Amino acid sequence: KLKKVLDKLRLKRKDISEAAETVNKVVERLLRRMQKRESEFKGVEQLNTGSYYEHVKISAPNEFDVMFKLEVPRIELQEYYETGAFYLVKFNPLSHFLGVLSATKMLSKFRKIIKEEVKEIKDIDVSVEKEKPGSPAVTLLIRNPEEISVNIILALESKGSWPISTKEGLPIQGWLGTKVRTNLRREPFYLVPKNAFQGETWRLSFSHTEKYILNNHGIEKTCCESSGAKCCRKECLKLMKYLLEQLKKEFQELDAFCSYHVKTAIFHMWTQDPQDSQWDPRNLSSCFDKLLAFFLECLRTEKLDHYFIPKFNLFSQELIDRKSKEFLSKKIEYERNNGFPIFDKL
């Protein structure tokens, strides 16, 4: 039933190989250009993030997210309108981009560089997608076997302690524990040029922390290892991502929703239900169902807090209209009470 859906969603080994060798060629070349030139971004390092590198990509290997992170010292941070997630950054290579380090100016140069290197690539069919305003990504479209998108995300790396707004976030104490949380919070934090001073605004990223959690998700150390037993936590994430993707293809009414909403929700569930035995593979139906119910509670209450930044409600009225949330509840309730017809279509 749901096993058969996961069978459909499973990536093929062949497709993984072909997509990765092409993706890696392009990425490596872009990364070399950023450094083996006296560009402003000399020093950037690659950080592979998001679903393909977390092993929760579904359907096909057609979307890759790579952070190019740049270490930069000092960095005074000023919280933007108590959003929790948005900041202005303050004071060398980066002179060209300011009082205040302008996200847009810096992203613009990053983008320009990337576009130029892409023009110089003759051995692969690869263009740069038209820019989405306010978006932190430079997005590459590759062809050949298949359509493949690659999001190149510029990121500031700071080694200071995480901003105050995150103090009460990452509530993993009863699940992964205090030692894990203390150590995760000793890692650097990241700032991505998302923008709401809207053009100078940056947004926090915890993509690195999320990756660690996806690959270290059990209360037992052996969860999902070769001498442990297999959770169905990841499988539930896949099923929920797929239900939203399918609904999103059909209804433009759901444009404001994205996979990060589902990722966030399941982090909350994984915290609510820390035991590995509450995610037994034999209870895949119940587990999926309790996740659906939780997401619906989030929709009904108009409340889904950033897992890392609790004051930031991703389902605030300001970000998603009530109407949209009620529409999505209708559609989830329906699939749920009719055996998920939408899992059968293409």
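Heads up: residue numbers just count along the shown sequence, starting at 1.
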- Message: I'd like to know the size of any gap between residue 81 and residue 82, counted in deposited residues with no coordinates: none, 1 to 3, 4 to 9, or 10 or more.
- Response: none
- Using none, 1 to 3, 4 to 9 or 10 or more, say how many deposited residues go missing between residue 99 and residue 100. 1 to 3
- Using the B-factors recorded in the PDB entry, average over the C-alpha atoms of 106-114 and of 202-210, then report which stretch comes out higher. 106-114
- Query: If you average the Cα B factors in the entry, which is higher, 315-323 or 42-50?
  - Reply: 315-323
- Which is it among 232, 240, 94, 269: the one with the largest CA B-factor in the entry? 94
- Per the PDB entry, maximal CA B factor within 168, 250, 276, 187: 250
- If you rank the chain by CA B-factor, which third does residue 179 end up in: lowest, middle or highest? lowest
- What third of its chain's C-alpha B-factors does residue 127 belong to: lowest, middle or highest? highest
- Using the B-factor values recorded in the entry, state whether the Cα atom of residue 56 falls in the lowest, middle or highest third among the modelled residues of its chain. lowest
- residue 66: C-alpha B-factor third of its chain, per the entry, is the lowest
- Query: Comparing residue 225 with the other modelled residues of its chain, is its CA B-factor in the lowest, middle or highest third?
  - Reply: lowest
